[PDB]
Amino acid sequence: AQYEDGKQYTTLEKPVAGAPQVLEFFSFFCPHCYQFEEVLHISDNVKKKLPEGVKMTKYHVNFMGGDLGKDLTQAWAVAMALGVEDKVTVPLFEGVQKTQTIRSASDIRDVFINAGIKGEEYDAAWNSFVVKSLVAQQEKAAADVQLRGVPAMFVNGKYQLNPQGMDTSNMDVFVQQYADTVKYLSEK
């Protein structure tokens, strides 16, 4: 075929019931995630080609950056709860990987403050049980697929994107291929 298991995607030998339709994992410590977000805009281009009536989910993971890694997973829970994913994603990336000004939970918090979320509102979210279960979901979803690397995309709990097997000479071409793959897998 033109799309083949082991080529543009791999199949999970242990499928995951009830998983979100399009599920993505990243880490603010993850250099390719930085690329995926700021240079490639993968999520956004996938969105543009998905049918609608499909929900798109992105979760942070713990297994990079030790203690700040978990802090970052809680803070992404906060972003999801407050619905400010789109206001903190870029400053979090650059603050971890570019300027290296994120060294503590407190620095993480500064990014939200400078992004306009109020201290009171952030600290309340941070400490809420809604955020606790949101962290829990993020961990559960990674756990269900035995996730050891990022960036990672899974479609309908059964297919995992395999970007290794796509051309990288032209970045635009890599994105469309990636997105088109998600659409193919979507319809499968």
# chains A, B, ... in the order shown; residues from 1 in each chain; ligands from 1

call {"tool": "residues_around", "arguments": {"residues": "range 175-182 of chain A", "least_positions_apart": "3", "cutoff": "10 Å", "atoms": "only C-alpha atoms", "output": "ChimeraX atom specification"}}
result
/A:3,8-9,22,36,40-50,153-155,159-163,165-168,170-172,185-188

call {"tool": "residues_around", "arguments": {"residues": "range 57-68 of chain A", "least_positions_apart": "3", "cutoff": "6 Å", "atoms": "only C-alpha atoms", "output": "VMD selection string"}}
result
chain A and resid 23 to 27 71 to 73 138

call {"tool": "select_by_dssp", "arguments": {"residues": "range 33-136 of chain A", "states": "helix (DSSP H, G or I)", "output": "PyMOL selection string"}}
result
chain A and resi 33-40+42-49+66-82+85-98+105-114+119-127+129-136

call {"tool": "closest_residue", "arguments": {"among": "A:150, A:141, A:173, A:125", "to": "residue 77 in chain A", "atoms": "only C-alpha atoms"}}
result
A:125

call {"tool": "select_by_dssp", "arguments": {"residues": "range 30-68 of chain A", "states": "strand (DSSP E or B)", "output": "ChimeraX atom specification"}}
result
/A:56-60

call {"tool": "write_last_selection", "arguments": {"atoms": "N, CA, C and O atoms", "output": "short mmCIF file (atom, residue, chain, number, x, y, z; two decimals), in the first residue's frame"}}
result
data_model
loop_
_atom_site.label_atom_id
_atom_site.label_comp_id
_atom_site.auth_asym_id
_atom_site.auth_seq_id
_atom_site.Cartn_x
_atom_site.Cartn_y
_atom_site.Cartn_z
N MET A 56 -9.41 16.91 19.74
CA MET A 56 -7.97 16.78 19.73
C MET A 56 -7.40 17.00 21.14
O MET A 56 -7.66 18.03 21.76
N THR A 57 -6.66 16.03 21.67
CA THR A 57 -6.13 16.14 23.04
C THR A 57 -4.60 16.19 23.13
O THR A 57 -3.92 15.43 22.46
N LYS A 58 -4.06 17.10 23.93
CA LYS A 58 -2.62 17.11 24.18
C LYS A 58 -2.29 17.05 25.66
O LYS A 58 -2.79 17.85 26.43
N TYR A 59 -1.47 16.07 26.05
CA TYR A 59 -1.00 15.93 27.43
C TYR A 59 0.54 16.05 27.60
O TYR A 59 1.31 15.60 26.75
N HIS A 60 0.97 16.58 28.74
CA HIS A 60 2.37 16.69 29.11
C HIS A 60 2.80 15.39 29.79
O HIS A 60 1.95 14.65 30.23
#

call {"tool": "closest_residue", "arguments": {"among": "A:139, A:4, A:110, A:144", "to": "residue 16 in chain A", "atoms": "only C-alpha atoms"}}
result
A:144

call {"tool": "residues_around", "arguments": {"residues": "residue 78 in chain A", "least_positions_apart": "2", "cutoff": "7 Å", "atoms": "only C-alpha atoms", "output": "JSON, numbers by chain"}}
result
{"A": [74, 75, 76, 80, 81, 82, 125, 126, 131]}

call {"tool": "write_last_selection", "arguments": {"atoms": "N, CA and C atoms", "output": "PDB file, in the first residue's frame"}}
result
ATOM      1  N   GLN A  74       1.727  19.240  36.209  1.00  0.00           N
ATOM      2  CA  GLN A  74       0.673  19.915  36.976  1.00  0.00           C
ATOM      3  C   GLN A  74       0.265  21.261  36.342  1.00  0.00           C
ATOM      4  N   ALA A  75       1.261  22.045  35.923  1.00  0.00           N
ATOM      5  CA  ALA A  75       1.030  23.363  35.340  1.00  0.00           C
ATOM      6  C   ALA A  75       0.280  23.273  34.022  1.00  0.00           C
ATOM      7  N   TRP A  76       0.500  22.204  33.264  1.00  0.00           N
ATOM      8  CA  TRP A  76      -0.280  22.028  32.040  1.00  0.00           C
ATOM      9  C   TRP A  76      -1.739  21.674  32.438  1.00  0.00           C
ATOM     10  N   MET A  80      -4.981  23.591  31.186  1.00  0.00           N
ATOM     11  CA  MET A  80      -6.136  22.942  30.556  1.00  0.00           C
ATOM     12  C   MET A  80      -7.404  23.370  31.284  1.00  0.00           C
ATOM     13  N   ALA A  81      -7.323  23.420  32.607  1.00  0.00           N
ATOM     14  CA  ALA A  81      -8.477  23.748  33.420  1.00  0.00           C
ATOM     15  C   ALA A  81      -8.912  25.190  33.147  1.00  0.00           C
ATOM     16  N   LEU A  82      -7.954  26.111  33.141  1.00  0.00           N
ATOM     17  CA  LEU A  82      -8.261  27.510  32.875  1.00  0.00           C
ATOM     18  C   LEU A  82      -8.485  27.816  31.414  1.00  0.00           C
ATOM     19  N   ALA A 125      -6.257  27.165  41.100  1.00  0.00           N
ATOM     20  CA  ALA A 125      -6.211  26.071  40.142  1.00  0.00           C
ATOM     21  C   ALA A 125      -5.142  25.066  40.551  1.00  0.00           C
ATOM     22  N   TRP A 126      -3.905  25.558  40.729  1.00  0.00           N
ATOM     23  CA  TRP A 126      -2.746  24.715  41.051  1.00  0.00           C
ATOM     24  C   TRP A 126      -3.060  23.705  42.117  1.00  0.00           C
ATOM     25  N   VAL A 131      -7.580  19.873  39.231  1.00  0.00           N
ATOM     26  CA  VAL A 131      -6.259  19.780  38.650  1.00  0.00           C
ATOM     27  C   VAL A 131      -5.637  18.438  38.994  1.00  0.00           C
TER      28      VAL A 131
END
